[PDB]
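Enquirer: Just one file: input-v1.pdb, with PDB, C-alpha atoms.
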ATOM      1  CA  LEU B   1     107.625  88.470  92.838  1.00  0.00           C
ATOM      2  CA  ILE B   2     106.848  90.920  89.883  1.00  0.00           C
ATOM      3  CA  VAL B   3     103.450  92.096  91.495  1.00  0.00           C
ATOM      4  CA  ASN B   4     105.186  92.739  94.830  1.00  0.00           C
ATOM      5  CA  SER B   5     107.949  94.697  92.949  1.00  0.00           C
ATOM      6  CA  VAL B   6     105.687  96.952  90.860  1.00  0.00           C
ATOM      7  CA  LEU B   7     103.432  97.571  93.963  1.00  0.00           C
ATOM      8  CA  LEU B   8     106.325  98.607  96.206  1.00  0.00           C
ATOM      9  CA  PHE B   9     107.877 100.873  93.617  1.00  0.00           C
ATOM     10  CA  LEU B  10     104.474 102.574  93.134  1.00  0.00           C
ATOM     11  CA  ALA B  11     104.302 102.780  97.083  1.00  0.00           C
ATOM     12  CA  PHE B  12     107.661 104.791  96.672  1.00  0.00           C
ATOM     13  CA  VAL B  13     105.945 107.170  94.169  1.00  0.00           C
ATOM     14  CA  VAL B  14     103.018 107.455  96.648  1.00  0.00           C
ATOM     15  CA  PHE B  15     105.573 108.554  99.465  1.00  0.00           C
ATOM     16  CA  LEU B  16     107.375 110.959  97.077  1.00  0.00           C
ATOM     17  CA  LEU B  17     104.173 112.621  96.137  1.00  0.00           C
ATOM     18  CA  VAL B  18     102.796 113.139  99.653  1.00  0.00           C
ATOM     19  CA  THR B  19     106.119 114.501 100.568  1.00  0.00           C
ATOM     20  CA  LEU B  20     106.583 116.922  97.621  1.00  0.00           C
ATOM     21  CA  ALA B  21     102.969 118.178  98.329  1.00  0.00           C
ATOM     22  CA  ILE B  22     103.514 118.674 102.126  1.00  0.00           C
ATOM     23  CA  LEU B  23     106.939 120.477 101.386  1.00  0.00           C
ATOM     24  CA  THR B  24     105.181 122.795  99.068  1.00  0.00           C
ATOM     25  CA  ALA B  25     102.360 123.272 101.696  1.00  0.00           C
ATOM     26  CA  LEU B  26     104.734 123.970 104.704  1.00  0.00           C
TER      27      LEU B  26
ATOM     28  CA  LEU E   1      98.265  91.827  82.950  1.00  0.00           C
ATOM     29  CA  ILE E   2      98.404  91.751  86.804  1.00  0.00           C
ATOM     30  CA  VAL E   3     101.311  94.204  86.857  1.00  0.00           C
ATOM     31  CA  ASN E   4      99.014  96.756  84.914  1.00  0.00           C
ATOM     32  CA  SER E   5      96.221  96.179  87.483  1.00  0.00           C
ATOM     33  CA  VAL E   6      98.315  96.535  90.637  1.00  0.00           C
ATOM     34  CA  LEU E   7     100.047  99.468  88.940  1.00  0.00           C
ATOM     35  CA  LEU E   8      96.555 101.211  88.096  1.00  0.00           C
ATOM     36  CA  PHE E   9      95.284 100.669  91.642  1.00  0.00           C
ATOM     37  CA  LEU E  10      98.593 102.014  93.169  1.00  0.00           C
ATOM     38  CA  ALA E  11      98.103 104.789  90.563  1.00  0.00           C
ATOM     39  CA  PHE E  12      94.708 105.508  92.085  1.00  0.00           C
ATOM     40  CA  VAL E  13      96.376 105.845  95.632  1.00  0.00           C
ATOM     41  CA  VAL E  14      98.831 108.233  93.820  1.00  0.00           C
ATOM     42  CA  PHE E  15      95.905 110.508  92.779  1.00  0.00           C
ATOM     43  CA  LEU E  16      94.093 110.014  96.099  1.00  0.00           C
ATOM     44  CA  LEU E  17      96.914 111.076  98.353  1.00  0.00           C
ATOM     45  CA  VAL E  18      97.956 113.933  96.059  1.00  0.00           C
ATOM     46  CA  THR E  19      94.293 115.255  95.956  1.00  0.00           C
ATOM     47  CA  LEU E  20      93.917 114.553  99.791  1.00  0.00           C
ATOM     48  CA  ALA E  21      97.149 116.371 100.485  1.00  0.00           C
ATOM     49  CA  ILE E  22      96.276 119.304  98.242  1.00  0.00           C
ATOM     50  CA  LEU E  23      92.743 119.363  99.751  1.00  0.00           C
ATOM     51  CA  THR E  24      94.278 119.561 103.225  1.00  0.00           C
ATOM     52  CA  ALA E  25      97.105 121.955 102.099  1.00  0.00           C
ATOM     53  CA  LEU E  26      94.924 124.586 100.377  1.00  0.00           C
TER      54      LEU E  26
END
Just give me the structure as structure tokens.
Expert:
Amino acid sequence: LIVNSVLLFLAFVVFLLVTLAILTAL
Amino acid sequence: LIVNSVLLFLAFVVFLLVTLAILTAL
């Protein structure tokens, strides 16, 4: 459970950061 | 322990997609 939790929340930072970079690109 | 590892590896994806996305963007 704790590895799955940390991983997923990190996977949310991953999505944020692509998104903030492609908004800034567009 | 394992939470640091999975976190550092998701942290590497974090740099990878941000430098991929800036590489594509610019």
Enquirer: Please measure the separation of CA of residue 4 (chain E) and CA of residue 19 (chain E), giving the value in Å to one decimal.
Expert: 22.1 Å
Enquirer: Would you mind reading off the distance between CA of residue 25 (chain E) and CA of residue 7 (chain B), one decimal, in Å?
Expert: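 We find that CA of residue 25 (chain E) and CA of residue 7 (chain B) lie 26.5 Å from each other.
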Enquirer: Within 8 Å of chain B, which residues belong to chain E? Use only C-alpha atoms and report them as a ChimeraX atom specification.
Expert: /E:2-3,6-7,10-11,13-14,17-18,21-22,25-26
Enquirer: Taking every C-alpha atom in sequence order, what RMSD do you get when chain E is least-squares fitted onto chain B?
Expert: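 My reading of the C-alpha RMSD is 0.4 Å.
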